[PDB]
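# Reading the structure
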Amino acid sequence: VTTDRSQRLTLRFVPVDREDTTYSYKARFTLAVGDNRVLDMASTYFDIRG
Amino acid sequence: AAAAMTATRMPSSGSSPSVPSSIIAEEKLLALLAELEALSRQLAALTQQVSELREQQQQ
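Conventions and cut-offs
Residues numbered from 1 in each chain as written, not as in the entry; some residues may be left out. Chains lettered and ligands numbered in written order. Part of a larger assembly, values for the part shown. Heavy atoms only, no water. Helix = DSSP H or I, 4+ residues; strand = E, 2+ residues; numbered from the N terminus. Rg over C-alpha atoms; globule rule 2.2 N^0.38 Å. Buried < 20%, exposed > 50% of the residue type's maximum accessible area, 1.4 Å probe, protein only. Areas by Shrake-Rupley, 256 points an atom, 1.4 Å probe, with all protein chains shown as cover. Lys, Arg positive; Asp, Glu negative; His and termini not counted. Charge placed at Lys NZ, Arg CZ, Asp CG, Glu CD. Salt bridge = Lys/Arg side-chain N within 4 Å of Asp/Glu carboxyl O. Contact = heavy atoms within 4.5 Å. Buried area = accessible area lost by both parts, 1.4 Å probe. Polar contact = N/O pair within 3.5 Å; in protein donor to acceptor, adjacent residues only side chain to side chain. Nonpolar A, V, L, I, M, F, W, Y, C, P; charged D, E, K, R; others polar.

Time to look at the overall build of chain A. Each helix and strand counted, chain A has zero helices and two strands in total. Taking 10 Å as the expected radius of gyration for a compact globule of 50 residues, we find that chain A reaches 15 Å, considerably beyond that expectation. The dimensions of chain A, computed from C-alpha atoms along their principal axes, are 50 × 15 × 15 Å. Residue burial in chain A is summarised as follows: out of 50 residues, 2% are buried. Per element, the accessible surface of chain A, about 5500 Å² overall, is 51% carbon and sulfur. Side-chain charges in chain A split into 8 positive and 7 negative, and the spacing between the mean points of these groups amounts to 4 Å.

All names here are of chain B. At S18, a position not held by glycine, the phi torsion is positive, near 55°. Mapped onto the elements, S18 comes out in the segment before α1 (33–57). According to the relative accessible area criterion, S18 is exposed, its value standing at 66%. One non-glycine residue, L30, lies in positive phi territory at about 70°.

For the rest of this paragraph, the subject is the pattern of salt bridges. Per the stated rule, a full pass over the model turns up four salt bridges over all chains. Two residues, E27 of chain B and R18 of chain A, come together in a salt bridge whose shortest N-O distance is 2.7 Å. Of this pair, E27 of chain B sits in the segment before α1 while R18 of chain A sits in strand β1 (residues 17–18), each in a different chain. Relative accessible area serves as the criterion here: at 43%, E27 of chain B is assigned to the partly exposed category. One salt bridge in this structure joins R41 of chain B and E37 of chain B, with 3.5 Å as the shortest N-O distance. Of this pair, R41 of chain B and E37 of chain B both sit in helix α1, four residues apart, which is roughly one turn of that helix. Judged by relative accessible area, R41 of chain B falls into the exposed class, the value being 59%.

Between chain A and chain B, the contact holds five residues from the first and six residues from the second. Buried surface at the junction of chain A and chain B, summed over both partners, amounts to about 470 Å²; 49% is from carbon and sulfur atoms. Considering only the side of chain A, the residues that lose the most area to chain B are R18, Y23 and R49 of chain A, jointly responsible for 67% of the buried surface there. Applying the counting criterion to the chain A and chain B interface returns one salt bridge. Viewed at the interface, chain B and chain A are joined by one residue pair in polar contact. Considered class by class, the residues forming the side of chain A that touches chain B number two nonpolar, no polar and three charged.

Next comes the structure, spelled out in structure tokens:
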């Protein structure tokens, strides 16, 4: 049921690219699902600060 | 009937970018949240040593 290896529970990705504009902000992430894992997208969200 | 007849005889389109300058970016961000605590820590340390005058003058 649970892995006996070193491995993270929560990963934080900073944008690889961004485009702040007159009325919108756009950001790109490299969502790297590492090997021998699966990600449920329901556990993903954008942590915005401003 | 003749002479000239030889030839022939909106609302909102909502643009956005207009006449402003170009824009650029960088990723070396955000020490700044620490000073908000530096400032309010050192502010306490002022009052703390004003008290240390008073608590020695009262002796």
